């Protein structure tokens, strides 16, 4: 089990940051990244469809005999965590919403921004309230942010105006921190910080640390002496993928392969 890869489970593109994080704390581990690039975005799809898609990716990863899964995507974590856990059986699953919650559960008043699917699922408020039901949670979807960022609008006047549209909801709420509850949003954190001067919470590294602690405590660390294998399995490769993905990864996606979920 020790020398099996870690599965990084994404909807697509923004979860590459978890790969980056893992490479910084677990440099000897093999990683399989999965992105369902053919069917993104998930943030604007129904709960039934997000669950259907996540069951397929889960089965694909389990067939690769990963030793652990991290769900990098907040939208999949919000809506399909249990579907994924049920398929993974004895394979542990770490998720980014659990990570986010762990960073705010001593506050009194918390804001959350995320995809429409995530916010409409109510997952962040529910999970925060499982820790403490008296934490005040204010949530607002930021529907345009994902496409905006994928199209390269990552700073400047457009980004600032779209952010004002979505973040003005929080001005009278006296929040103590704002959860960046979508993988894409930390890219624009500097623009967010200009509009809403509060602590911004990015749960990706925390999620990676949770996976580190689990592997360490359970003695499931890779002890091979060969170069780690980083495999990027995706269901589409459109022309902009290399450039937008590597904006998140911060290094080359050197071993990239087109796969299909047709049999899953």
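Numbering follows the first chain given and starts at 1.
K.L.:
So 57-65 or 213-221, which one's hotter by mean CA B-factor in the entry?
P.N.:
Here the higher of the two C-alpha B-factor means belongs to 213-221.
K.L.:
Can you tell me which stretch has the higher mean Cα B-factor, 114-122 or 160-168?
P.N.:
Higher mean C-alpha B-factor: 160-168.
K.L.:
Looking at 80, 144, 175, 94, which has the highest CA B-factor as recorded?
P.N.:
That would be 175.
K.L.:
Can you tell me which of 71, 90, 128, 149 has the highest Cα temperature factor in the record?
P.N.:
Among 71, 90, 128, 149, the highest C-alpha B-factor in the entry belongs to 90.
K.L.:
Which third, lowest, middle or highest, does the C-alpha temperature factor of residue 246 belong to within its own chain?
P.N.:
It belongs to the middle third of the chain when residues are ordered by C-alpha B-factor.
K.L.:
Going by the recorded CA B-factors, say which third of the chain residue 191 sits in, lowest, middle or highest.
P.N.:
Highest third, going by the recorded CA B-factors of the chain.
K.L.:
What third of its chain, lowest, middle or highest, does the C-alpha temperature factor of residue 76 fall into?
P.N.:
Answer is lowest: the recorded C-alpha B-factor places it there.
K.L.:
Split into thirds by Cα B-factor across the chain's modelled residues, where does residue 199 land: lowest, middle or highest?
P.N.:
Highest third, going by the recorded CA B-factors of the chain.
K.L.:
So where's residue 22 on the chain's Cα temperature factor ranking, which third?
P.N.:
It falls in the middle third of the chain.
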